[PDB]
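What follows is a single structure, written as structure tokens, with notes after it.
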Ligand SMILES: CC(C)(c1ccc(O)cc1)c1ccc(O)cc1
Ligand SMILES: CC(C)(c1ccc(O)cc1)c1ccc(O)cc1
């Protein structure tokens, strides 16, 4: 009652912070995907010719010295994925710092929570930019088809497919940005990450976030039976996605060569 | 060795 009102205020705080931290929300992405926006339509990359035609227009200007390079397509795309992941880590870090209690945690525990939580959040939020046929890229300026990503040479063609599989099922839950803001906060505040020094304050924050999430889902999805339990299971599923992803990367580190990995991702993947 | 995540966490607006 008094507790419930504070849980709504927390939910709203998190939503407002999510809006401040993440430029491309699910609402804005869905409008683009469905075609209900007045903005310019994304450039569709569905084959090698359209990749060539669109890549200079939508890629980041300062990934390489000259922007033109001799690396094969699959690696160029992988480098673009890294740049996007690095930006996402920075957005997620800013959001985490808005979660009440987070910045007062031991700083090494803040690091651990981000290190072991950011990829679960990346894949959650990637679903907002996906449908069964492709993914929005470059802040919504491009759309790369799932089939084209699958067509990439053996190692790289398998990177995104598990994320599309997750996204199609996750998107069937019809969460909105308000729901997602709390879900992501719950994931960040996971007290079972390896090497946490003081678990109790993290669990106490998470317990309150979980209560806020349950109330959010009951009010915002009154006809969606067991949605809270479903989201708890998606948290488990995301850990398995990340485990599988790390494995794919280890293969890359063995079979592939001349593989630059951004230092921020090197830190996250270490051990 | 130094933590890039720690640097991000410590920067204010
Ligand atoms: C296709 C894309 C514009 C790109 C990025 C970098 C690159 O060198 C060539 C092409 C790209 C790939 C992956 C991505 O996440 C965003 C953008
Ligand atoms: C091209 C590369 C993968 C990259 C990816 C993303 C990025 O923002 C900047 C650079 C890169 C180049 C050189 C390097 O030492 C690490 C990473």
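Can you check what the Kirkwood hydrodynamic radius comes to for the range A:140-231, Cα pairs only, in Å to one decimal? Show your work: numbers first, answer last.
On the way: mean 1/r = 0.0630 Å⁻¹.
After inverting the pairwise mean of 1/r, the radius is 15.9 Å.
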- Expressed in angstrom and rounded, the centroid-to-centroid distance over alpha carbons for the range A:198-238 and the range A:69-137 is 21
- Note on the structure: The extension gain from residue A:147 to residue A:240, computed as 0.36 nm times the residue separation minus the Cα-Cα distance, is 31.1 nm
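Give me the inter-chain shielding for A:80-92: mean count of other chain Cβ atoms within 10 Å, whole number please. Kindly include the intermediate steps, with their values, before the conclusion.
Working: counts 0, 0, 0, 0, 0, 0, 1, 0, 0, 3, 3, 0, 1.
Partner-chain Cβ atoms within 10 Å, mean over residues of A:80-92: 1.
For chain A, calculate the relative contact order in percent as a whole number, restricting contacts to Cα pairs under 8 Å that are 6 or more residues apart. Let's see the in-between values first.
Values: 258 pairs, mean separation 73.2, N = 271.
Relative CO of chain A lands at 27 percent.
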- Message: Run the simple label-point estimate for residue B:11 and residue A:39 please: 7 Å along Cα→C-beta, distance reported in nm.
- Response: 2.3
- Message: If you wrap a convex hull around the alpha carbons of the protein assembly as shown, what volume per residue comes out, as a whole number of Å³?
- Response: 146
- Query: How high is the FRET efficiency between residue B:1 and residue A:204 when r is their beta carbon distance and R₀ equals 41 Å, given to the nearest 0.05?
  - Reply: 0.80
- Note on the structure: Rounded to the nearest 10 degrees, the helix A:177-188 long axis (Cα) sits at an angle to the longest Cα principal axis of chain A of 90
- Tilt, helix A:48-58 to longest principal axis of chain A (alpha-carbon atoms), in degrees rounded to tens, equals 60
- Message: Quick check on the protein assembly as shown: helices-only [θ] at 222 nm, where DSSP H runs of length 4 and up contribute -39,500 (n - 2.57) each and the sum goes over total residues. Nearest 500, please.
- Response: -20500 deg cm²/dmol
- Message: For chain A, set up a GNM with springs between Cα atoms under 10 Å and report which of A:142, A:157, A:195 has the largest fluctuation.
- Response: A:195
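Cβ sites come from the backbone with ideal geometry, for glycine too, and all protein chains shown count toward neighbours. Rule-based calculations on the coordinates, nothing more; no lab input.
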